[PDB]
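coords-v6.tsv (TSV, N, CA and C atoms and all ligand atoms) appears below.
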chain	number	residue	atom	x	y	z
F	1	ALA	N	-104.01	39.36	2.87
F	1	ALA	CA	-104.02	38.51	1.62
F	1	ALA	C	-103.24	37.25	1.91
F	2	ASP	N	-103.63	36.17	1.24
F	2	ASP	CA	-103.16	34.81	1.50
F	2	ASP	C	-102.45	34.25	0.27
F	3	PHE	N	-101.14	34.04	0.40
F	3	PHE	CA	-100.34	33.54	-0.73
F	3	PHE	C	-99.93	32.10	-0.49
F	4	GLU	N	-99.49	31.43	-1.56
F	4	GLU	CA	-98.97	30.06	-1.50
F	4	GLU	C	-97.58	29.94	-2.13
F	5	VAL	N	-96.76	29.13	-1.48
F	5	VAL	CA	-95.45	28.70	-2.00
F	5	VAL	C	-95.39	27.18	-1.89
F	6	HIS	N	-95.08	26.55	-3.02
F	6	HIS	CA	-95.01	25.08	-3.08
F	6	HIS	C	-93.58	24.61	-2.92
F	7	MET	N	-93.44	23.48	-2.24
F	7	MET	CA	-92.15	22.87	-1.99
F	7	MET	C	-92.05	21.61	-2.84
F	8	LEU	N	-91.07	21.59	-3.75
F	8	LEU	CA	-91.02	20.57	-4.81
F	8	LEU	C	-89.67	19.86	-4.90
F	9	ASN	N	-89.70	18.60	-5.29
F	9	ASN	CA	-88.44	17.89	-5.58
F	9	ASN	C	-87.71	18.41	-6.80
F	10	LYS	N	-88.46	18.92	-7.75
F	10	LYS	CA	-87.85	19.53	-8.93
F	10	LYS	C	-88.79	20.51	-9.60
F	11	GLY	N	-88.19	21.46	-10.31
F	11	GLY	CA	-88.93	22.46	-11.06
F	11	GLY	C	-88.05	23.09	-12.13
F	12	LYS	N	-88.55	24.17	-12.71
F	12	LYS	CA	-87.82	24.92	-13.73
F	12	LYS	C	-86.39	25.17	-13.31
F	13	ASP	N	-86.21	25.45	-12.03
F	13	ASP	CA	-84.93	25.96	-11.56
F	13	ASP	C	-83.96	24.86	-11.14
F	14	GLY	N	-84.40	23.62	-11.28
F	14	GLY	CA	-83.57	22.47	-10.97
F	14	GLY	C	-84.22	21.62	-9.92
F	15	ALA	N	-83.39	20.95	-9.14
F	15	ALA	CA	-83.89	20.07	-8.07
F	15	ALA	C	-84.01	20.86	-6.76
F	16	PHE	N	-85.01	20.48	-5.97
F	16	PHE	CA	-85.23	20.97	-4.62
F	16	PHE	C	-85.48	22.48	-4.60
F	17	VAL	N	-86.71	22.84	-4.93
F	17	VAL	CA	-87.07	24.23	-5.16
F	17	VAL	C	-88.34	24.66	-4.43
F	18	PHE	N	-88.37	25.94	-4.08
F	18	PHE	CA	-89.61	26.64	-3.70
F	18	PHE	C	-90.16	27.30	-4.97
F	19	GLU	N	-91.48	27.25	-5.15
F	19	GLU	CA	-92.14	27.89	-6.29
F	19	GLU	C	-93.35	28.66	-5.82
F	20	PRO	N	-93.33	29.98	-6.03
F	20	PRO	CA	-92.25	30.81	-6.58
F	20	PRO	C	-91.09	30.90	-5.60
F	21	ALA	N	-89.89	31.18	-6.09
F	21	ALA	CA	-88.73	31.35	-5.21
F	21	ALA	C	-88.61	32.77	-4.69
F	22	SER	N	-89.40	33.67	-5.25
F	22	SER	CA	-89.46	35.05	-4.77
F	22	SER	C	-90.91	35.50	-4.78
F	23	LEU	N	-91.29	36.20	-3.72
F	23	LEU	CA	-92.65	36.65	-3.54
F	23	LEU	C	-92.67	37.99	-2.83
F	24	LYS	N	-93.47	38.93	-3.33
F	24	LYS	CA	-93.70	40.19	-2.63
F	24	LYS	C	-95.10	40.18	-2.03
F	25	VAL	N	-95.17	40.49	-0.74
F	25	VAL	CA	-96.44	40.59	-0.02
F	25	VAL	C	-96.49	41.90	0.74
F	26	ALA	N	-97.66	42.21	1.30
F	26	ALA	CA	-97.82	43.40	2.14
F	26	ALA	C	-97.78	43.02	3.62
F	27	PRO	N	-97.41	43.97	4.49
F	27	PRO	CA	-97.41	43.64	5.91
F	27	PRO	C	-98.79	43.21	6.38
F	28	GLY	N	-98.83	42.10	7.12
F	28	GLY	CA	-100.07	41.51	7.56
F	28	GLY	C	-100.54	40.36	6.70
F	29	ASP	N	-99.91	40.19	5.54
F	29	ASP	CA	-100.24	39.07	4.64
F	29	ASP	C	-99.71	37.71	5.16
F	30	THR	N	-100.29	36.63	4.66
F	30	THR	CA	-99.87	35.30	5.03
F	30	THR	C	-99.34	34.58	3.82
F	31	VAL	N	-98.42	33.66	4.10
F	31	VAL	CA	-97.94	32.70	3.11
F	31	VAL	C	-98.07	31.30	3.69
F	32	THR	N	-98.67	30.40	2.90
F	32	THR	CA	-98.73	28.99	3.24
F	32	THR	C	-97.73	28.26	2.37
F	33	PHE	N	-96.83	27.57	3.06
F	33	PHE	CA	-95.81	26.72	2.41
F	33	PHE	C	-96.38	25.30	2.32
F	34	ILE	N	-96.54	24.84	1.09
F	34	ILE	CA	-97.32	23.64	0.79
F	34	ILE	C	-96.40	22.50	0.35
F	35	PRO	N	-96.46	21.35	1.06
F	35	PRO	CA	-95.63	20.21	0.75
F	35	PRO	C	-96.16	19.41	-0.43
F	36	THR	N	-95.90	19.91	-1.63
F	36	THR	CA	-96.38	19.22	-2.85
F	36	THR	C	-95.75	17.84	-2.96
F	37	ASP	N	-94.45	17.80	-2.66
F	37	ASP	CA	-93.66	16.57	-2.56
F	37	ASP	C	-93.25	16.38	-1.10
F	38	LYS	N	-93.05	15.13	-0.68
F	38	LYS	CA	-92.61	14.85	0.69
F	38	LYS	C	-91.13	15.17	0.89
F	39	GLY	N	-90.79	15.44	2.15
F	39	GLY	CA	-89.40	15.60	2.61
F	39	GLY	C	-88.91	17.02	2.83
F	40	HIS	N	-89.83	17.98	2.78
F	40	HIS	CA	-89.48	19.42	2.84
F	40	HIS	C	-90.04	20.14	4.04
F	41	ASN	N	-89.38	21.24	4.43
F	41	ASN	CA	-89.95	22.18	5.37
F	41	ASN	C	-89.53	23.59	4.99
F	42	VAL	N	-89.85	24.53	5.86
F	42	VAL	CA	-89.45	25.92	5.67
F	42	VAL	C	-88.95	26.50	6.99
F	43	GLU	N	-87.85	27.22	6.88
F	43	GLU	CA	-87.16	27.78	8.03
F	43	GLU	C	-86.57	29.12	7.60
F	44	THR	N	-86.71	30.16	8.42
F	44	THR	CA	-85.97	31.40	8.12
F	44	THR	C	-84.46	31.15	8.18
F	45	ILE	N	-83.75	31.78	7.27
F	45	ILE	CA	-82.29	31.71	7.29
F	45	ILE	C	-81.79	32.66	8.38
F	46	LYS	N	-80.97	32.13	9.29
F	46	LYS	CA	-80.54	32.93	10.42
F	46	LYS	C	-79.64	34.04	9.92
F	47	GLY	N	-80.01	35.27	10.28
F	47	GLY	CA	-79.33	36.45	9.82
F	47	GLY	C	-79.94	37.15	8.62
F	48	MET	N	-81.00	36.56	8.07
F	48	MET	CA	-81.61	37.05	6.84
F	48	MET	C	-83.06	37.43	7.04
F	49	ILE	N	-83.38	37.99	8.20
F	49	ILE	CA	-84.72	38.51	8.40
F	49	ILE	C	-84.61	39.95	8.95
F	50	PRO	N	-85.66	40.76	8.76
F	50	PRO	CA	-85.62	42.17	9.15
F	50	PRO	C	-85.61	42.43	10.66
F	51	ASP	N	-85.22	43.64	11.02
F	51	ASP	CA	-85.15	44.01	12.42
F	51	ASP	C	-86.56	43.81	12.99
F	52	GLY	N	-86.61	43.15	14.14
F	52	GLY	CA	-87.85	42.96	14.87
F	52	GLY	C	-88.68	41.76	14.44
F	53	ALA	N	-88.26	41.08	13.37
F	53	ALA	CA	-88.97	39.88	12.91
F	53	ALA	C	-88.64	38.65	13.76
F	54	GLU	N	-89.60	37.72	13.90
F	54	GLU	CA	-89.35	36.45	14.57
F	54	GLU	C	-88.90	35.38	13.58
F	55	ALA	N	-87.95	34.56	13.99
F	55	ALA	CA	-87.55	33.40	13.21
F	55	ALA	C	-88.65	32.36	13.26
F	56	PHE	N	-88.65	31.45	12.29
F	56	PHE	CA	-89.56	30.32	12.30
F	56	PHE	C	-88.95	29.10	11.61
F	57	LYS	N	-89.51	27.95	11.95
F	57	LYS	CA	-89.08	26.67	11.40
F	57	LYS	C	-90.23	25.68	11.52
F	58	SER	N	-90.67	25.17	10.38
F	58	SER	CA	-91.79	24.22	10.33
F	58	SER	C	-91.27	22.79	10.39
F	59	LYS	N	-92.20	21.86	10.60
F	59	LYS	CA	-91.91	20.42	10.57
F	59	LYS	C	-91.93	19.89	9.14
F	60	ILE	N	-91.18	18.82	8.92
F	60	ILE	CA	-91.15	18.21	7.60
F	60	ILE	C	-92.57	17.77	7.24
F	61	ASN	N	-92.98	18.12	6.03
F	61	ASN	CA	-94.31	17.81	5.43
F	61	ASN	C	-95.48	18.61	6.00
F	62	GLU	N	-95.17	19.57	6.86
F	62	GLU	CA	-96.20	20.45	7.43
F	62	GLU	C	-96.66	21.49	6.39
F	63	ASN	N	-97.97	21.59	6.23
F	63	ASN	CA	-98.61	22.67	5.46
F	63	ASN	C	-98.63	23.86	6.40
F	64	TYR	N	-97.72	24.80	6.17
F	64	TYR	CA	-97.37	25.78	7.20
F	64	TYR	C	-97.68	27.19	6.82
F	65	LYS	N	-98.59	27.81	7.57
F	65	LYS	CA	-99.03	29.17	7.30
F	65	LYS	C	-98.37	30.13	8.27
F	66	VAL	N	-97.76	31.16	7.70
F	66	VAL	CA	-97.00	32.18	8.41
F	66	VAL	C	-97.57	33.56	8.07
F	67	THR	N	-97.77	34.40	9.07
F	67	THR	CA	-98.16	35.78	8.84
F	67	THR	C	-96.90	36.64	8.97
F	68	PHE	N	-96.66	37.45	7.95
F	68	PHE	CA	-95.51	38.32	7.88
F	68	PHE	C	-95.93	39.73	8.21
F	69	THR	N	-95.35	40.28	9.28
F	69	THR	CA	-95.75	41.63	9.72
F	69	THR	C	-94.63	42.66	9.65
F	70	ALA	N	-93.41	42.27	10.05
F	70	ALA	CA	-92.28	43.19	10.03
F	70	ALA	C	-91.80	43.42	8.59
F	71	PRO	N	-91.81	44.67	8.13
F	71	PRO	CA	-91.37	44.89	6.75
F	71	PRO	C	-89.90	44.56	6.51
F	72	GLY	N	-89.61	44.16	5.28
F	72	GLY	CA	-88.25	43.80	4.91
F	72	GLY	C	-88.20	42.55	4.06
F	73	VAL	N	-86.99	42.15	3.70
F	73	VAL	CA	-86.80	40.90	2.98
F	73	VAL	C	-86.43	39.78	3.95
F	74	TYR	N	-87.01	38.61	3.69
F	74	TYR	CA	-86.77	37.40	4.48
F	74	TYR	C	-86.20	36.31	3.58
F	75	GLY	N	-85.04	35.78	3.93
F	75	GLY	CA	-84.55	34.57	3.29
F	75	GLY	C	-85.11	33.36	4.01
F	76	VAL	N	-85.62	32.40	3.25
F	76	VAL	CA	-86.06	31.11	3.79
F	76	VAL	C	-85.34	29.97	3.07
F	77	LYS	N	-85.32	28.84	3.76
F	77	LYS	CA	-84.72	27.62	3.29
F	77	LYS	C	-85.55	26.42	3.70
F	78	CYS	N	-85.29	25.32	3.00
F	78	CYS	CA	-85.66	23.98	3.45
F	78	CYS	C	-84.46	23.44	4.22
F	79	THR	N	-84.69	23.01	5.45
F	79	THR	CA	-83.60	22.60	6.34
F	79	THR	C	-82.75	21.47	5.71
F	80	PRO	N	-83.38	20.37	5.25
F	80	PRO	CA	-82.53	19.34	4.70
F	80	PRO	C	-81.85	19.67	3.38
F	81	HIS	N	-82.50	20.49	2.55
F	81	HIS	CA	-82.06	20.74	1.17
F	81	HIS	C	-81.36	22.08	0.94
F	82	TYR	N	-81.07	22.77	2.02
F	82	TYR	CA	-80.42	24.09	1.97
F	82	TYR	C	-79.14	24.03	1.17
F	83	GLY	N	-78.29	23.07	1.48
F	83	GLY	CA	-77.01	22.91	0.79
F	83	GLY	C	-77.13	22.59	-0.69
F	84	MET	N	-78.31	22.12	-1.06
F	84	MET	CA	-78.64	21.75	-2.42
F	84	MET	C	-79.41	22.88	-3.12
F	85	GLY	N	-79.51	24.02	-2.44
F	85	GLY	CA	-80.07	25.22	-2.99
F	85	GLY	C	-81.55	25.50	-2.78
F	86	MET	N	-82.18	24.77	-1.88
F	86	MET	CA	-83.65	24.92	-1.68
F	86	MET	C	-83.89	26.11	-0.77
F	87	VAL	N	-84.09	27.25	-1.41
F	87	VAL	CA	-84.26	28.55	-0.76
F	87	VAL	C	-85.24	29.44	-1.50
F	88	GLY	N	-85.67	30.46	-0.80
F	88	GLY	CA	-86.59	31.45	-1.32
F	88	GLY	C	-86.43	32.79	-0.62
F	89	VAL	N	-87.08	33.81	-1.19
F	89	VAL	CA	-87.14	35.13	-0.56
F	89	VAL	C	-88.55	35.66	-0.57
F	90	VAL	N	-88.97	36.13	0.60
F	90	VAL	CA	-90.25	36.81	0.73
F	90	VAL	C	-89.95	38.27	1.08
F	91	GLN	N	-90.43	39.19	0.26
F	91	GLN	CA	-90.29	40.63	0.53
F	91	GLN	C	-91.60	41.13	1.09
F	92	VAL	N	-91.53	41.80	2.24
F	92	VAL	CA	-92.74	42.31	2.91
F	92	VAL	C	-92.74	43.83	2.80
F	93	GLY	N	-93.64	44.35	1.99
F	93	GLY	CA	-93.73	45.78	1.78
F	93	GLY	C	-92.78	46.30	0.74
F	94	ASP	N	-92.83	47.61	0.52
F	94	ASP	CA	-91.92	48.31	-0.40
F	94	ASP	C	-90.62	48.78	0.30
F	95	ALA	N	-89.61	49.07	-0.50
F	95	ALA	CA	-88.37	49.69	0.00
F	95	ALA	C	-87.83	48.95	1.22
F	96	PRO	N	-87.50	47.65	1.05
F	96	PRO	CA	-87.01	46.90	2.21
F	96	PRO	C	-85.72	47.50	2.79
F	97	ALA	N	-85.74	47.75	4.10
F	97	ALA	CA	-84.64	48.46	4.79
F	97	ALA	C	-83.47	47.54	5.09
F	98	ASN	N	-83.59	46.27	4.75
F	98	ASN	CA	-82.50	45.33	5.04
F	98	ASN	C	-81.92	44.65	3.82
F	99	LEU	N	-82.09	45.25	2.64
F	99	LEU	CA	-81.74	44.61	1.37
F	99	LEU	C	-80.25	44.33	1.29
F	100	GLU	N	-79.42	45.32	1.58
F	100	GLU	CA	-78.00	45.10	1.40
F	100	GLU	C	-77.49	44.10	2.46
F	101	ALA	N	-78.09	44.11	3.65
F	101	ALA	CA	-77.79	43.10	4.67
F	101	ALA	C	-78.05	41.69	4.12
F	102	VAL	N	-79.22	41.48	3.53
F	102	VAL	CA	-79.58	40.17	2.99
F	102	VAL	C	-78.70	39.83	1.79
F	103	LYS	N	-78.36	40.83	1.00
F	103	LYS	CA	-77.58	40.58	-0.21
F	103	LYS	C	-76.19	40.09	0.16
F	104	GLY	N	-75.75	40.49	1.34
F	104	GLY	CA	-74.40	40.17	1.83
F	104	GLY	C	-74.27	38.90	2.67
F	105	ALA	N	-75.38	38.31	3.09
F	105	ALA	CA	-75.31	37.12	3.93
F	105	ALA	C	-74.64	36.00	3.15
F	106	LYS	N	-73.94	35.14	3.88
F	106	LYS	CA	-73.23	34.00	3.29
F	106	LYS	C	-74.03	32.70	3.47
F	107	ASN	N	-74.03	31.92	2.40
F	107	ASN	CA	-74.84	30.71	2.28
F	107	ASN	C	-74.11	29.65	1.44
F	108	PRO	N	-74.56	28.40	1.50
F	108	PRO	CA	-73.98	27.41	0.57
F	108	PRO	C	-74.04	27.90	-0.86
F	109	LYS	N	-73.04	27.54	-1.65
F	109	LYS	CA	-72.93	28.05	-3.02
F	109	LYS	C	-74.24	27.94	-3.84
F	110	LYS	N	-74.86	26.76	-3.80
F	110	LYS	CA	-76.08	26.51	-4.60
F	110	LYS	C	-77.21	27.35	-4.05
F	111	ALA	N	-77.24	27.52	-2.74
F	111	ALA	CA	-78.27	28.41	-2.14
F	111	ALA	C	-78.00	29.87	-2.51
F	112	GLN	N	-76.73	30.27	-2.50
F	112	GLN	CA	-76.43	31.65	-2.79
F	112	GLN	C	-76.86	32.03	-4.21
F	113	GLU	N	-76.66	31.11	-5.15
F	113	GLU	CA	-77.02	31.39	-6.55
F	113	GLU	C	-78.52	31.66	-6.65
F	114	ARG	N	-79.30	30.81	-5.98
F	114	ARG	CA	-80.75	30.97	-6.08
F	114	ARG	C	-81.28	32.17	-5.29
F	115	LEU	N	-80.64	32.48	-4.16
F	115	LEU	CA	-81.00	33.68	-3.42
F	115	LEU	C	-80.73	34.94	-4.24
F	116	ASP	N	-79.58	34.96	-4.89
F	116	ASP	CA	-79.19	36.11	-5.68
F	116	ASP	C	-80.20	36.32	-6.81
F	117	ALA	N	-80.60	35.21	-7.42
F	117	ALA	CA	-81.56	35.26	-8.53
F	117	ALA	C	-82.93	35.73	-8.00
F	118	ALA	N	-83.33	35.23	-6.83
F	118	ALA	CA	-84.63	35.61	-6.26
F	118	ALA	C	-84.65	37.08	-5.87
F	119	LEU	N	-83.54	37.57	-5.34
F	119	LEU	CA	-83.44	39.00	-4.99
F	119	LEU	C	-83.51	39.85	-6.26
F	120	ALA	N	-82.84	39.39	-7.31
F	120	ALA	CA	-82.81	40.16	-8.59
F	120	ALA	C	-84.23	40.28	-9.12
F	121	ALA	N	-84.96	39.17	-9.01
F	121	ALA	CA	-86.31	39.04	-9.57
F	121	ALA	C	-87.25	39.99	-8.86
F	122	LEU	N	-86.95	40.29	-7.61
F	122	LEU	CA	-87.79	41.20	-6.83
F	122	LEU	C	-87.53	42.65	-7.21
F	123	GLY	N	-86.50	42.88	-8.02
F	123	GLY	CA	-86.17	44.22	-8.52
F	123	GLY	C	-85.26	44.93	-7.56
F	124	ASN	N	-84.48	44.14	-6.82
F	124	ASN	CA	-83.54	44.67	-5.83
F	124	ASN	C	-82.10	44.69	-6.33
H	1	CU	CU	-86.52	20.29	0.81

Final structure tokens representation of the file:
Amino acid sequence: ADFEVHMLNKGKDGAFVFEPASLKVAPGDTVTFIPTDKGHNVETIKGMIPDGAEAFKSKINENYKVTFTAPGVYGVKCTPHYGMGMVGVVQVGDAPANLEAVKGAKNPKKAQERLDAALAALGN
């Protein structure tokens, strides 16, 4: 299955946001990160991906499709806007085995608030 996440200068949640900021997919599914506004990319947050998963980092303004195979929760960020809270979470499969690990990772304050909210929204 093929999902979309938009990268925006502003949204419901404030400035510099992924929409949706939380997404549940199945192993083998894809997500395309879409540059609705210029100046954004997507990068896994180091330390916030499941055992055996590969890190990734797209180019600014790249329409970037990623296939998620390793089950677990993945924290993602926009490289330039991370400190300003531009983050998201993708959960792959049920019963993520790395939830408390991800819940405990340290991030910029504005990013941490949005990560916490995205994790809550996933029912974690
Ligand atoms: Cu950005």

For this session: Take the point (-93.3, 19.4, -1.7) as written in the file and pick out every residue within 9 Å of it, counting only C-alpha atoms; give the list as a PyMOL selection string.
Result: chain F and resi 6-9+16-18+33-41+61

Exercise. Could you state the separation of atom N of residue F:3 and atom CA of residue F:25 in Å, given to one decimal place?
Worked result: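 Atom CA of residue F:25 lies at a distance of 8.1 Å from atom N of residue F:3.
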
Exercise. From the list F:42, F:89, F:97, F:49, which residue is nearest ligand CU 1 (chain H) when using all atoms listed in the file?
Worked result: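 Answer, going by the shortest atom-to-atom distance: F:42.
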
Helix (DSSP H, G or I) per DSSP on the backbone: members of chain F, as a PDB file with N, CA and C atoms, in the frame of the given file:
ATOM      1  N   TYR F  82     -81.070  22.770   2.020  1.00  0.00           N
ATOM      2  CA  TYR F  82     -80.420  24.090   1.970  1.00  0.00           C
ATOM      3  C   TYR F  82     -79.140  24.030   1.170  1.00  0.00           C
ATOM      4  N   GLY F  83     -78.290  23.070   1.480  1.00  0.00           N
ATOM      5  CA  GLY F  83     -77.010  22.910   0.790  1.00  0.00           C
ATOM      6  C   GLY F  83     -77.130  22.590  -0.690  1.00  0.00           C
ATOM      7  N   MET F  84     -78.310  22.120  -1.060  1.00  0.00           N
ATOM      8  CA  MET F  84     -78.640  21.750  -2.420  1.00  0.00           C
ATOM      9  C   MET F  84     -79.410  22.880  -3.120  1.00  0.00           C
ATOM     10  N   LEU F  99     -82.090  45.250   2.640  1.00  0.00           N
ATOM     11  CA  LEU F  99     -81.740  44.610   1.370  1.00  0.00           C
ATOM     12  C   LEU F  99     -80.250  44.330   1.290  1.00  0.00           C
ATOM     13  N   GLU F 100     -79.420  45.320   1.580  1.00  0.00           N
ATOM     14  CA  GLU F 100     -78.000  45.100   1.400  1.00  0.00           C
ATOM     15  C   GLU F 100     -77.490  44.100   2.460  1.00  0.00           C
ATOM     16  N   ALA F 101     -78.090  44.110   3.650  1.00  0.00           N
ATOM     17  CA  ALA F 101     -77.790  43.100   4.670  1.00  0.00           C
ATOM     18  C   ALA F 101     -78.050  41.690   4.120  1.00  0.00           C
ATOM     19  N   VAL F 102     -79.220  41.480   3.530  1.00  0.00           N
ATOM     20  CA  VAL F 102     -79.580  40.170   2.990  1.00  0.00           C
ATOM     21  C   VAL F 102     -78.700  39.830   1.790  1.00  0.00           C
ATOM     22  N   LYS F 103     -78.360  40.830   1.000  1.00  0.00           N
ATOM     23  CA  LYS F 103     -77.580  40.580  -0.210  1.00  0.00           C
ATOM     24  C   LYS F 103     -76.190  40.090   0.160  1.00  0.00           C
ATOM     25  N   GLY F 104     -75.750  40.490   1.340  1.00  0.00           N
ATOM     26  CA  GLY F 104     -74.400  40.170   1.830  1.00  0.00           C
ATOM     27  C   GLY F 104     -74.270  38.900   2.670  1.00  0.00           C
ATOM     28  N   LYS F 109     -73.040  27.540  -1.650  1.00  0.00           N
ATOM     29  CA  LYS F 109     -72.930  28.050  -3.020  1.00  0.00           C
ATOM     30  C   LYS F 109     -74.240  27.940  -3.840  1.00  0.00           C
ATOM     31  N   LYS F 110     -74.860  26.760  -3.800  1.00  0.00           N
ATOM     32  CA  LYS F 110     -76.080  26.510  -4.600  1.00  0.00           C
ATOM     33  C   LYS F 110     -77.210  27.350  -4.050  1.00  0.00           C
ATOM     34  N   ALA F 111     -77.240  27.520  -2.740  1.00  0.00           N
ATOM     35  CA  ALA F 111     -78.270  28.410  -2.140  1.00  0.00           C
ATOM     36  C   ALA F 111     -78.000  29.870  -2.510  1.00  0.00           C
ATOM     37  N   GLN F 112     -76.730  30.270  -2.500  1.00  0.00           N
ATOM     38  CA  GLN F 112     -76.430  31.650  -2.790  1.00  0.00           C
ATOM     39  C   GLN F 112     -76.860  32.030  -4.210  1.00  0.00           C
ATOM     40  N   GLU F 113     -76.660  31.110  -5.150  1.00  0.00           N
ATOM     41  CA  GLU F 113     -77.020  31.390  -6.550  1.00  0.00           C
ATOM     42  C   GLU F 113     -78.520  31.660  -6.650  1.00  0.00           C
ATOM     43  N   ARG F 114     -79.300  30.810  -5.980  1.00  0.00           N
ATOM     44  CA  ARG F 114     -80.750  30.970  -6.080  1.00  0.00           C
ATOM     45  C   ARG F 114     -81.280  32.170  -5.290  1.00  0.00           C
ATOM     46  N   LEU F 115     -80.640  32.480  -4.160  1.00  0.00           N
ATOM     47  CA  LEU F 115     -81.000  33.680  -3.420  1.00  0.00           C
ATOM     48  C   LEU F 115     -80.730  34.940  -4.240  1.00  0.00           C
ATOM     49  N   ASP F 116     -79.580  34.960  -4.890  1.00  0.00           N
ATOM     50  CA  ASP F 116     -79.190  36.110  -5.680  1.00  0.00           C
ATOM     51  C   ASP F 116     -80.200  36.320  -6.810  1.00  0.00           C
ATOM     52  N   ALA F 117     -80.600  35.210  -7.420  1.00  0.00           N
ATOM     53  CA  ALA F 117     -81.560  35.260  -8.530  1.00  0.00           C
ATOM     54  C   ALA F 117     -82.930  35.730  -8.000  1.00  0.00           C
ATOM     55  N   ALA F 118     -83.330  35.230  -6.830  1.00  0.00           N
ATOM     56  CA  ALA F 118     -84.630  35.610  -6.260  1.00  0.00           C
ATOM     57  C   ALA F 118     -84.650  37.080  -5.870  1.00  0.00           C
ATOM     58  N   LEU F 119     -83.540  37.570  -5.340  1.00  0.00           N
ATOM     59  CA  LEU F 119     -83.440  39.000  -4.990  1.00  0.00           C
ATOM     60  C   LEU F 119     -83.510  39.850  -6.260  1.00  0.00           C
ATOM     61  N   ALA F 120     -82.840  39.390  -7.310  1.00  0.00           N
ATOM     62  CA  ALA F 120     -82.810  40.160  -8.590  1.00  0.00           C
ATOM     63  C   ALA F 120     -84.230  40.280  -9.120  1.00  0.00           C
ATOM     64  N   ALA F 121     -84.960  39.170  -9.010  1.00  0.00           N
ATOM     65  CA  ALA F 121     -86.310  39.040  -9.570  1.00  0.00           C
ATOM     66  C   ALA F 121     -87.250  39.990  -8.860  1.00  0.00           C
TER      67      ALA F 121
END

Problem set entry | Who sits within 8 Å of residue F:102, only N, CA and C atoms, same chain under 2 positions skipped, as a ChimeraX atom specification | /F:47-49,73-75,97-100,104-106

Seminar exercise, completed: Between F:57, F:65, F:81, F:46, smallest distance to ligand CU 1 (chain H) by all atoms listed in the file belongs to F:81

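Here atom CA of residue F:118 stands at a distance of 21.5 Å from atom CA of residue F:28.
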
Exercise. Atom CA of residue F:93 to atom N of residue F:11: how many Å, to one decimal?
Worked result: 27.7 Å

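Considering the residues F:53, F:70, F:5, F:87 and counting all atoms listed in the file, ligand CU 1 (chain H) has its shortest atom-to-atom contact with F:87.
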
Seminar exercise, completed: Shortest contact to ligand CU 1 (chain H), candidates F:23, F:86, F:1, F:45, atoms counted only N, CA and C atoms and all ligand atoms, goes to F:86

Problem set entry | Using only N, CA and C atoms and all ligand atoms: which of F:14, F:88, F:80, F:96 has the shortest distance to ligand CU 1 (chain H) |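 Counting only N, CA and C atoms and all ligand atoms, the residue closest to ligand CU 1 (chain H) is F:80.
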
Exercise. Hey, which of F:60, F:84, F:66, F:21 ends up closest to residue F:120? Count only C-alpha atoms.
Worked result: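 So, comparing all the options, the nearest one is F:21.
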
Show me, as AutoDock Vina command-line options, the centre and edge lengths in Å to one decimal of the axis-aligned box that covers every listed atom of stretch 37-56 of chain F with 3 Å on each side.
--center_x -86.9 --center_y 29.4 --center_z 6.1 --size_x 21.1 --size_y 35.2 --size_z 23.5

For this session: Just list the residues in chain F DSSP gives strand (DSSP E or B) on the backbone, as a PyMOL selection string.
Result: chain F and resi 2-11+14-19+22-25+30-35+43-44+57+64-67+72-77+87-92

Exercise. Which polymer residues have any atom within 8 Å of an atom of residue F:52, counting only N, CA and C atoms, with same-chain residues fewer than 2 positions away left out, as a list in words?
Worked result: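 Returned residues: residues 49, 50, 54, 55, 69, 70 and 71 of chain F.
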
Selecting N, CA and C atoms, how would stretch 96-106 of chain F from this structure be written as a short mmCIF file (atom, residue, chain, number, x, y, z; two decimals), in the first residue's frame?
data_model
loop_
_atom_site.label_atom_id
_atom_site.label_comp_id
_atom_site.auth_asym_id
_atom_site.auth_seq_id
_atom_site.Cartn_x
_atom_site.Cartn_y
_atom_site.Cartn_z
N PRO F 96 4.65 -2.43 18.14
CA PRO F 96 6.05 -2.09 17.86
C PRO F 96 6.98 -2.43 19.03
N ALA F 97 8.05 -3.16 18.73
CA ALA F 97 8.97 -3.70 19.75
C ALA F 97 9.96 -2.66 20.24
N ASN F 98 9.90 -1.46 19.66
CA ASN F 98 10.86 -0.42 20.07
C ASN F 98 10.22 0.84 20.63
N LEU F 99 8.98 0.72 21.11
CA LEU F 99 8.19 1.88 21.52
C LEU F 99 8.84 2.63 22.67
N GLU F 100 9.23 1.92 23.71
CA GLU F 100 9.74 2.64 24.87
C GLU F 100 11.12 3.24 24.52
N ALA F 101 11.88 2.57 23.66
CA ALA F 101 13.14 3.14 23.14
C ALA F 101 12.88 4.49 22.46
N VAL F 102 11.90 4.53 21.56
CA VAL F 102 11.58 5.76 20.84
C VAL F 102 11.01 6.81 21.80
N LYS F 103 10.24 6.36 22.77
CA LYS F 103 9.59 7.30 23.69
C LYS F 103 10.64 8.02 24.52
N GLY F 104 11.77 7.35 24.71
CA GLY F 104 12.86 7.86 25.54
C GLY F 104 13.94 8.67 24.83
N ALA F 105 13.95 8.65 23.50
CA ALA F 105 15.00 9.37 22.77
C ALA F 105 14.87 10.86 23.07
N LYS F 106 16.02 11.54 23.05
CA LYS F 106 16.09 12.97 23.32
C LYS F 106 16.19 13.77 22.01
#
